[PDB]
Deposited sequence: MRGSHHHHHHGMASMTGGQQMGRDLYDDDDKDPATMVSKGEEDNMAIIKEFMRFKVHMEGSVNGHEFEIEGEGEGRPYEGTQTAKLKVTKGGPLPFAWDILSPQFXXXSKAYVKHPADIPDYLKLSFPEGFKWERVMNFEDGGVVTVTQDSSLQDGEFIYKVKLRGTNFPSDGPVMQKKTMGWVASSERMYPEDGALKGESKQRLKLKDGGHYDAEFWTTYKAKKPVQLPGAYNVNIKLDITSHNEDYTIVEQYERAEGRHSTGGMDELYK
């Protein structure tokens, strides 16, 4: 009804990483009930970015998660009003990214507003040196708490030297109206950079996400 089988979205992000300010504008589309989506991002200020694109890619859409019938789809149920989320990403070398986001529905399209602050990344580290090569497939553990939906997950970036660069994600998702929260469950996530230009000022992403029982 409100969330149709094919849905587009528009996303604006403003942020700074190690003090470098930037903006990104993107448009996306996907199949909310099949858990698939793609997005085309364009850097509109601060380009080219002097840091790894990978730290931004997870911020560009949980209305597109395939849920079984016995797990309440809290975030789809939040619409048309929508929801907000806030995220902490702690990286193993001290790098930190904090994100806040608002999701609404306007004229049949999702509208995403993102604010992002990355700090304390070592100048020598893989993020500021652009040595990351995408996220390994991951699983986010979901659980209700204090009237919100929370998720935590261990994440891992592949590196150019064959190594890995690990992070811990904490996110809180809060609907703008009281709708039904699920029990605990797992969301399996595959996030891919499907194409990009040389300086990563134009990037395309694909994500598949599906809720499964713990």
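- In this entry, the deposited residues absent from the coordinate set span 1 to 45, 106 to 108, 263 to 271.
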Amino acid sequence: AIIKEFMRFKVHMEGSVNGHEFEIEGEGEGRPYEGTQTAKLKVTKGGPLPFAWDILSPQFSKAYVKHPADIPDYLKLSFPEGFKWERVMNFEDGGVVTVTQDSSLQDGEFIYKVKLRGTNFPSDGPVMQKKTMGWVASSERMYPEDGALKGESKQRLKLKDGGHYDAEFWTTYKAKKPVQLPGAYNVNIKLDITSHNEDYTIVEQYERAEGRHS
From here on, numbers count along this sequence of modelled residues.
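- Of the candidates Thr38, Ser153, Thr172, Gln59, the PDB record gives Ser153 the highest C-alpha temperature factor.
- Per-chain ranking of the deposited C-alpha B factor places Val99 in the lowest third.
- Looking at the C-alpha B-factors along this chain, the one for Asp70 belongs to the highest third.
- When the modelled residues of the chain are ordered by C-alpha B-factor, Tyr200 sits in the highest third.
- Split the chain's modelled residues into thirds by C-alpha temperature factor. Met133 is in the highest one.
- Per the PDB record, residue ranking by Cα B-factor puts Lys176 in the middle third of the chain.
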